[PDB]
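Engineer: How does the following fold in three dimensions:
(chains A, B and C, ligands or ions: 1)
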Amino acid sequence: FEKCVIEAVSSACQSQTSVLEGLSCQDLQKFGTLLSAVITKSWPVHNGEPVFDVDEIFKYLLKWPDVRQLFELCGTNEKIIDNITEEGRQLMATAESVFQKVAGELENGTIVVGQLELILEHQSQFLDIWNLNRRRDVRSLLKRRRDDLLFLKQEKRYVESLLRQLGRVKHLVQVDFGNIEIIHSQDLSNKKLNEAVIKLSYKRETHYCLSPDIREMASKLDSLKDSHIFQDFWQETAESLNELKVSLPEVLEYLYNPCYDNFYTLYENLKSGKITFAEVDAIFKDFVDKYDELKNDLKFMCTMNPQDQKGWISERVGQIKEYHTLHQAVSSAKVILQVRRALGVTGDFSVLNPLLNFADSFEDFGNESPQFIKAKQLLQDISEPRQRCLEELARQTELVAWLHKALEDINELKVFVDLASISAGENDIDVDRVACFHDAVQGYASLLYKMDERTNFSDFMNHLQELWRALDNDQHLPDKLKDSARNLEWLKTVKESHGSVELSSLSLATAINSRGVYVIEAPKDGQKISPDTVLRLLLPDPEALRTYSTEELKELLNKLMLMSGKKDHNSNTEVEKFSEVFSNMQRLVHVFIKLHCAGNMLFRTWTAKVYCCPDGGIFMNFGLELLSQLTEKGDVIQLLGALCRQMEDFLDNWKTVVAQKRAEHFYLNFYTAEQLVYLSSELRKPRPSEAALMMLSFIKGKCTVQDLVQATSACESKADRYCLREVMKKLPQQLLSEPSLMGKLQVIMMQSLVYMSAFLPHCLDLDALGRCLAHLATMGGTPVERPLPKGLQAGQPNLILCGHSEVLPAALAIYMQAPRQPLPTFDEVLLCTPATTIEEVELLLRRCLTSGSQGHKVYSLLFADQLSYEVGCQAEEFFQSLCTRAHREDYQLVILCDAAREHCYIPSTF
Amino acid sequence: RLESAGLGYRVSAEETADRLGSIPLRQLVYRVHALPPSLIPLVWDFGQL
Amino acid sequence: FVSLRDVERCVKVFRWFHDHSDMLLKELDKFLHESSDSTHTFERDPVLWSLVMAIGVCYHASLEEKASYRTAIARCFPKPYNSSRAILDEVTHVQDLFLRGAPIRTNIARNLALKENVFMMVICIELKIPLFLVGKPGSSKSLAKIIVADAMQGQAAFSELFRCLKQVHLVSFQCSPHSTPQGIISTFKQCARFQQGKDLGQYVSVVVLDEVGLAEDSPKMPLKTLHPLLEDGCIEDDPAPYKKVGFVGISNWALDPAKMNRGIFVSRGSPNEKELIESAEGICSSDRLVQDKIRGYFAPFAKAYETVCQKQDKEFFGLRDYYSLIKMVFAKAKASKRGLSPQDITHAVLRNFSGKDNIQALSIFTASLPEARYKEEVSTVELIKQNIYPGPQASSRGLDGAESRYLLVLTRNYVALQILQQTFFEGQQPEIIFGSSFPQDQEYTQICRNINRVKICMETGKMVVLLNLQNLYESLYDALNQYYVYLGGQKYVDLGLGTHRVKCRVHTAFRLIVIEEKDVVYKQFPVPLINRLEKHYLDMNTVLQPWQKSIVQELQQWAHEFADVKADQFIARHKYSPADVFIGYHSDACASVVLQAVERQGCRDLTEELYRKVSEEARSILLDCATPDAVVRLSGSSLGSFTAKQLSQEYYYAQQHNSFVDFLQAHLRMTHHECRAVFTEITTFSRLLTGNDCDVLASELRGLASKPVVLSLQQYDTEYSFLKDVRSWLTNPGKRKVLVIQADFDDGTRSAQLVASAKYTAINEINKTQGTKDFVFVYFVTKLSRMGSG
Ligand SMILES: Nc1ncnc2c1ncn2[C@@H]1O[C@H](COP(=O)(O)OP(=O)(O)OP(O)(O)=S)[C@@H](O)[C@H]1O
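Structural biologist: Residues are numbered from 1 along each chain as shown, chains lettered A, B, ... in the order given. Next up is the structure itself:
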């Protein structure tokens, strides 16, 4: 029960709920254990007991409420402090010593003011703990220290208001701030005894204010830092000094006193109302229709000289409001005369003549002009906006002439919008020009279409009323008028437009989905077999055709990917259909080019005309006279997905079967896949190509077409002729049993995998090529024998570290141990370089650990550290692979590396 | 002035690949490569304007 | 060494000003008559002023010693330009005139950098002479480019000055270190294709290599073939018209001077305090009352920014953050209408200046401002809430010029998503654009669809939570600058996919949150991406309060005591990890489940009543993922026998763990927490559904379900198959639809990382497709084994 209750104490003191406020717990042993619990489980840990300080413990003491109850009840009786613990009494003694040190530092002024702000925020708890410490004056001492603290904070406010007021004119005249420039920047972790509340009275601080003059100056700037008029007077009298480094006591005379004199003459003028209109419209110009801040500003304005504000604020704010609405009515009258002139309506107004004859008049008094009030009753509630709408109307005259010229009525708008929505572009500004023009002329149709040429004033304001109702639904309407009025050249080209022959970026996708024929060719020309030049796309019609490349398709995909939002199902479903059939077709191109670069010889003449039509189908073809045309209709997406799936399956099966064909034949491992394709194409000819003769001369030596035809004449018997004719017989009865294309496609790729030479009757299979190369090397005898040097094991890899300058002589030093042997060739040595294919090092590992070789050779991997991370890692996996599968245990594999580049993969893992 | 022009150079002067001697071509007036020999004893200067 | 090559490139520029010396003087007279006194109202020569403009473009802009040049060049002019003051005010007035010919912008500084930039780039692209701008983030180069984009259109200019000038059509190419020369060759041929067939006197195209300072020393050497492309137009063909193209080479990096000496280095300098406070005036000049109210804070903010930017060695902070601070305190001063309480200043400086670990920016900004000391603690959650969910009054007046930037969260091991869709995303869920991991997908079509989804979210106005940025930094950079082109009161950012840059609409309330890891953002991002995006850290600790930290420690030790059982029924010594009993435990799930518990509570106040129920509800969600052999093993566990009895009663009477279908009847009858979409993943040890189990589930769910469909992730090679199956499931009639998504983990296939892709795709489809009447219950079942795969 002690352990569960201390854990319950820890969980209720881990929350912020005070535990003991109802405990009548007169058994003192369990109560002392609870007190030890609340101390050691409420103490402020900071990842497990650091304290080392006084501030956090003191904040702990003032904020948590169970500590004062703890100290009260343990200072009530000594029969409770005797039974706590050794540890809890040590922490209570530490907290009591901390509180005694801190609240005995209040008796002098040495108390840090952080603890002073804490005890004034926490008055009652501090009074309680101090009354318990009293049994081992404070009300008046706290009020005295609180008054001195408030004086300190208001003096810091005065001095900071002074620095910011002198900081808004720092460009013009700079001041050396005595010592105050450093004293104000420093923090209040400072001792309070430095702020000197001495007697015989004044209270000097560490901010040495050089007199009470600058102190009362800072007080008056603090009471007047929120007066915009005062800041105006400040900057217009501190421009009257010009680049001068100046001291603080002449700032009060050269810069403050003329400002105060101007401010006080303006105040005693404004108290009477003898001010003229020139300063009224020169100072208060930025206050139009914002009169609550001006009411507050006159309240703050009369706080300078401390008397009443009853009959002074509201009449003059109203008078200045009448003056502001007067000048607004003058500007509105000028713009309404400008729009009455520029619209061509002659009409009759006859009521705004004396207002403009007053607009060029000048009078000097501050009094309310009466005879104009009723005239301004026609223009009370226009606004400070909407005069903008009248000046974009009154300034755009070419558009209103073009609209009276070309459209002439409201009823042609519904056909003009539809005629423009073709001739507009496809991007979003180009589309939204029609809607901005439409909303502009629908918003101004009440004026530009409904005016008689001679209208009176009353019906003119009656139409402006509903114009303002039409403006209240759309605040951006004069900008729409302006942005339509700067598109007059487009609006002139729209009506007289001929056939603009650009189809679209959208209807081009519909044309591709209607009759696009995706064509994979694998071209027979002199170019390479890059993935750009194997994919084409044709668009028929008349009878002309358009051929699209891959990059043109990508550019038009980027163009149609960023059109505007039509908000209709057809457009996004057709661009989705086009994008995904293009992505699936590019996936087909990727898998086909992987199968071509792996070396296949079955799909080297492959083609596939893929139709994007609804129920279009795929029309494949081969360049073979023993095969028929493969075709199947249906939807394009899942059929191309399935076709790529069996094509990837054929890729995995072909890679596995060519791996097990390389594992059986040794002389097939000299040449890569494309050289194997070239040799299989070239050895069947009666006169093979001379590049094949030179490239096969590394095996036989002095290669001759007579020896080659002797080697290929005895490499196959007559039973294979029976087998290939059995292939020609059994397959036309096999493809007709499957009505679909996928089953017969699987059948033909199995039968090309296992019995390859029947499908291509002009090339040698890999069995015949391997047997011919083995017979060629059997004809050319006397193989090379090379032993490893001393200390070099002839059954394990020999990683040798030579250094970059001595790799190349060391390889020839290894190879010169047997004199009168021929020099090496492209086998058994690879001068490795950055960006080296994995196939060449893989074929080297096939060369050095294949069983049928009739000789021992030294196989070298020079500069093996130059390989990449992926190439070296895959070479490591491949060497582990073939050492796992099957090999001879007398190979001589030698690895040479630079000794100064040992941080790469392959020499470090070996 | 160059290395203080906004942010600094992307590469430093020690991993720079396009050197002439021990100096990069970045700090030269003209980004020119080295003259091959038998053109060094045949060049001849015009005036200094 | 451009001696006798700048004078023959400058007499032509003087000829260009002299030919157009008919309306510029009238514009100068009108601008200095309607905005100045009579001292700048003197007669100006048409040829001498053109000469001062020629030497101001050719030599004065590139130099940093402009005062020495002005006092050493004014001794040769006649009487009206004897002093350098006259040349200074003349170039200032013409640069101000070219800025006033641009469309009007609000809260944009009239500093010398912007006017000087637009001056040099406009005059250099009329004359087809390349400009080579360099600088740092905050130097106003892209903002001047976008100003030239909508300012100097041919027949549709805002002013009558640019209407007599040429028409611009800009193509962009953001360079990378992995950039081929064929890319810039294709860009030059493409803009020549735009230039072909048009009148050269009123149509010129420009290329803008916005990050040319990245690719100067790539081993492929892309910027070595830029030397002929700037002079004869193309390589391996004869020179011809419609081939010479203008150039504005904006860079954030210092360049190679030897091959770029052909153009004008307008090299930008570091900001001093005078230029900083002039920009502070320019981004508050739109109002006049609160400008004079908050003019006092500009110099302390400038000094604090100077100390912050000189303190850090890495260039993590820039001028954009200080400008955003100025705009934010301006907006708060305008909305407050009483002044600035110091909590506003601390909130602004903590929302703007954040991100770096070894930076106390609040302490630095309060060192120069001792009055604005805030003693109360402020956390990251209210900062994220005030940056993602702003006030209703913000961006509601006439046009938008004052707003925040796009938020970024700094996390590790992808933890931001859980705390984002738990805490802050309220009402409308965002659309998560992410790096879909379905096999053999094409990355180009994927990023095309992703940016199309970003554009649709911009037009419809919903939040975007990006999880990748390395595939979209080249293609989304212009939208992140937060500068808009206005046409009828509608904003327009620029989006591009390679070489096709077009404008796209932006709604009034659109946010964009980027989620990236700390390591990749600190040593993979190129650093101008840092300045554009507002940084914040909400990984795991800032949202977790200390009492919730006590609860997560208590639940960790409680799960460790749950898994610890001692028994002698079977003679074996097998220690049971908490991952064995609680399936999916990875020593971090207690924090996720205490987050789930405190949000399922919903009151969020500590009165000792919420603490016990959030602890017991967290324990309930732990036992809700406990295998039943463990909860019947619990009788001999370390917890006890009465606690084990209560937990077994909770597992067998309150929570239904009998089967899938019983969980369906226990899930549909109870009304949920005002959500139209309840999601729940399910861990199974049995075999997944075959195809006849959904039939019988529809048989005894004839009154609640709507024929649930099972989906297997083995059959889904491409995203579009999953998309069409989910879309076909939404378009079926009936309410209370049930979705079952199955995936197996113990087999030879790869599909185990596709679960998160399928989950986010389902969230995107239900956000973009579901109406307002249909409830949707989506369940994700997975197959696991008891042989170590659990
Ligand atoms: N006059 C100005 N000068 C500089 N930045 C400004 C200015 N006015 C606004 N900005 C801010 O700067 C951003 C737009 O311009 P920037 O992106 O800084 O131009 P930039 O500094 O050249 O950036 P780069 O170099 O193209 S990555 C926005 O965040 C604006 O709020």
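
Engineer: Now the residue nearest to residue A:71 when sequence neighbours are not counted: which helix or strand?
Structural biologist: Counting by CB to CB, 6 or more residues apart in numbering or on different chains, residue A:71 lies nearest to residue A:132, which is 5.1 Å off, once chain neighbours are set aside. Bear in mind the C-beta positions are built from the backbone N, C-alpha and C, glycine included. Using DSSP states H and E, residue A:132 sits in helix A:123-134.

Engineer: residues making contact with that helix?
Structural biologist: The contact list for helix A:123-134 (CB atoms under 8 Å, 6 or more residues apart in numbering or on different chains) reads A:61-63, A:65, A:67-68, A:71-72, A:75, A:96, A:99-100, A:103, A:119, A:138, A:142.

Engineer: List buried residues within those residues.
Structural biologist: Those of those that meet the buried threshold are A:61, A:62, A:65, A:67, A:68, A:71, A:96, A:99, A:103, A:119, A:142, by 16 or more other CB atoms under 10 Å in any protein chain shown.

Engineer: sorry, back to before: how many neighbours does the residue nearest to residue A:71 have?
Structural biologist: The tally of other residues near residue A:132 (other CB atoms under 10 Å in any protein chain shown) stands at 19.

Engineer: Which positions in stretch C:728-736 come out as buried?
Structural biologist: C:729, C:730.

Engineer: Could you find the closest non-adjacent residue to residue 42?
Structural biologist: Defaulting to chain A. Residue A:42 sits nearest to residue A:13 (CB to CB, 6+ apart), 4.3 Å away.

Engineer: Hmm, no, I was thinking of chain C.
Structural biologist: Counting by CB to CB, 6+ apart, the residue nearest residue C:42 is residue C:80, at 7.1 Å.

Engineer: Out of the contacts of helix A:123-134, which is nearest to residue C:589?
Structural biologist: Among the contacts of helix A:123-134, residue A:63 lies closest to residue C:589 (CB to CB), at 34.2 Å.

Engineer: if I pick that closest one, what's in contact with it?
Structural biologist: A:122, A:125.

Engineer: Please identify which residue in chain B comes closest to chain A.
Structural biologist: Of all residues in chain B, residue B:17 sits closest to chain A, at 13.8 Å by CB to the nearest CB.

Engineer: pretty sure that residue is in contact with residue C:219, am I right?
Structural biologist: Yes. Here residue B:17 lies in contact with residue C:219, judged by CB atoms under 8 Å, at a distance of 6.3 Å.

Engineer: So which bits of the stretch 301-450 of chain C are right by the ligand?
Structural biologist: For the stretch 301-450 of chain C, the residues in contact with the ligand (CB under 6 Å from any ligand atom) are C:320, C:323.

Engineer: just the helices in the stretch 301-450 of chain C please.
Structural biologist: Under the criterion DSSP state H, counting those that start in this stretch, the stretch 301-450 of chain C carries helices at the ranges C:319-336, C:342-352, C:361-367, C:380-388, C:416-419, C:443-460.

Engineer: Out of the ones you listed, which gets nearest to chain A?
Structural biologist: That would be, of these and by CB to the nearest CB, helix C:443-460, which comes in at 4.5 Å.

Engineer: other SSEs contacting the closest one?
Structural biologist: Counting contacts by 3 or more CB pairs under 8 Å, 6 or more residues apart in numbering or on different chains; DSSP states H and E, helix C:443-460 packs against helix A:550-561, helix A:569-598, strand C:431-433, strand C:491-496, strand C:501-506.

Engineer: what about dumping the CA coordinates of it to CSV?
Structural biologist: The C-alpha trace of helix C:443-460 is given here as CSV (Å, rounded to 0.1, in the frame of the first residue of the first chain):
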residue,chain,number,x,y,z
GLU,C,443,7.5,9.2,-63.8
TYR,C,444,6.8,11.8,-66.5
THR,C,445,3.0,11.0,-66.8
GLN,C,446,2.9,10.8,-63.0
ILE,C,447,4.3,14.3,-62.5
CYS,C,448,2.0,15.5,-65.4
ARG,C,449,-1.0,14.2,-63.6
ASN,C,450,0.3,15.5,-60.2
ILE,C,451,0.7,19.1,-61.5
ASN,C,452,-2.7,18.8,-63.2
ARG,C,453,-4.1,17.9,-59.8
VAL,C,454,-2.3,20.9,-58.2
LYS,C,455,-3.8,23.1,-60.9
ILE,C,456,-7.3,21.8,-60.3
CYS,C,457,-6.8,22.3,-56.5
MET,C,458,-5.7,25.9,-57.3
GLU,C,459,-8.8,26.6,-59.4
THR,C,460,-11.3,25.0,-57.0
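
Engineer: I'd like the next helix or strand past that helix.
Structural biologist: Following helix C:443-460 in sequence, per DSSP H and E, is strand C:464-466.

Engineer: Need the contact partners of that following strand.
Structural biologist: So strand C:464-466 is in contact with C:417, C:420, C:430-434, C:454, C:457, C:472, C:510-515, going by CB under 8 Å, 6+ apart.

Engineer: try it again with 10 Å
Structural biologist: Applying CB atoms under 10 Å, 6 or more residues apart in numbering or on different chains, the contact partners of strand C:464-466 are C:406-409, C:416-417, C:420-421, C:425, C:429-435, C:450, C:453-454, C:457-458, C:472, C:476, C:479, C:510-516, C:760.

Engineer: number of nearby residues for the residue nearest to residue C:42?
Structural biologist: 15.

Engineer: now swap in residue A:175 and tell me
Structural biologist: Around residue A:175 there are 19 residues (other CB under 10 Å).

Engineer: end to end, how far does stretch C:314-321 reach?
Structural biologist: End-to-end distance of stretch C:314-321: 15 Å, with CA to CA, to the nearest Å as the criterion.

Engineer: what's the offset of it from the middle of its chain?
Structural biologist: Distance, stretch centre to chain centre, for stretch C:314-321: 16 Å (CA atoms, centre = their mean, to the nearest Å).

Engineer: buried residues in it?
Structural biologist: C:315, C:316, C:317, C:318, C:319, C:320, C:321.

Engineer: just these that are near chain B?
Structural biologist: C:315, C:318 (CB under 10 Å from any CB of the partner chain).

Engineer: hmm, back to that, for the residue of chain B closest to chain A, give me its contacts.
Structural biologist: If you count contacts by CB under 10 Å, 6+ apart, then residue B:17 has B:11, B:24, B:25, C:217, C:218, C:219, C:221 around it.

Engineer: of the residues you listed, buried ones?
Structural biologist: Counted by 16+ other CB under 10 Å, the contacts of residue B:17 give B:11, B:24, B:25, C:217, C:218 as buried.

Engineer: How about the residues of chain C by the ligand?
Structural biologist: So chain C meets the ligand at C:108-109, C:111, C:113-114, C:135, C:137-143, C:250, C:252, C:279, C:320, C:323, C:481-483, C:528 (CB under 6 Å from any ligand atom).

Engineer: Filter those residues down to the ones in helices?
Structural biologist: The helices, defined by DSSP state H, take in C:113, C:114, C:142, C:143, C:279, C:320, C:323, C:528 from the residues of chain C next to the ligand.

Engineer: Can you report how many residues lie near the second one?
Structural biologist: So the one you mean is residue C:114. 23.

Engineer: what about the closest residue in space to it that isn't next to it in sequence, how many residues close to it?
Structural biologist: For residue C:114, ignoring the flanking residues on the chain, the nearest one in space by CB to CB, 6+ apart is residue C:140 at 4.5 Å. By other CB under 10 Å, 24 other residues sit near residue C:140.

Engineer: Cool, thanks, talk later.
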